[PDB]
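Every number here is computed from the coordinates shown, using simple stated rules; none is lab data. Every residue, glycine among them, receives a Cβ derived from its backbone with ideal geometry; neighbour counts consider all protein chains shown.
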There are 2 protein chains.
Amino acid sequence: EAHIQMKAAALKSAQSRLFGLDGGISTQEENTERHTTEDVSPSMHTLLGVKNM
Amino acid sequence: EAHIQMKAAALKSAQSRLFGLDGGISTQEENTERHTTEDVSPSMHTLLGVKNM
């Protein structure tokens, strides 16, 4: 009885977690898009439908 | 768990780029046109259909 009470008092209410933080860090997608000197910006190739006035 | 958290905090949301700026710089076409003493301008040969009055 003493050993059981000691074990119960030591363990308390320790929740058991089956997993931790996943090791897969990359949550985005690889950017396979090309970059060329013809681009108007590092994020865009052309401004196709844009109309100035 | 500590190592996984450290790796996740260090990598953050680093997007992976597959390409950089392309090494092909010349985006125009080579000007194979000739230049002759008969030309009226370095950019034009004659003024053919032009009518003065």
Next on the checklist: Run lengths n ≥ 4 of DSSP H only: what is the helix-derived mean residue ellipticity at 222 nm for chain A, with -39500 (n - 2.57) per run over all residues, to the nearest 500?
Outcome noted: -5500 deg cm²/dmol
Checklist outcome for this item: Two pseudo-spin positions, 7 Å from Cα along C-beta at residue B:33 and at residue B:6, lie apart in nanometres by 6.6 nm
Next on the checklist: So the label point sits 7 Å from Cα along the Cα-to-Cβ vector; using that for residue B:47, what distances do you get to the other copies, in nanometres, sorted shortest first?
Outcome noted: 3.6
Checklist entry - Helix B:2-11 sits at what angle to the longest principal axis of chain B, using alpha carbons and giving 0 to 90 degrees rounded to 10? => result 20 degrees
Checklist entry - For labels at residue B:48 and residue A:44 in the simple 7 Å Cα→Cβ model, what's the distance in nm? => result 4.0 nm
Item to check | Zero-based 10 Å bins, Cα pair distances in chain B, whole percents | outcome: 15, 18, 15, 12, 11, 10, 10, 8, 2
Checklist entry - If you plug each phi of the stretch A:43-48 into the Karplus form 6.51 cos²θ - 1.76 cosθ + 1.60 with θ = phi - 60°, what whole-Hz ³J(HN,Hα) values come out, in order, with x for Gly and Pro? => result 10, 9, 7, 10, 10, 6
Checklist entry - Where the eigenvalues come from the Cα gyration tensor of the protein assembly as shown, what are the semi-axes √(5λ) of the equivalent ellipsoid, largest first, in whole Å? => result 75, 16, 8
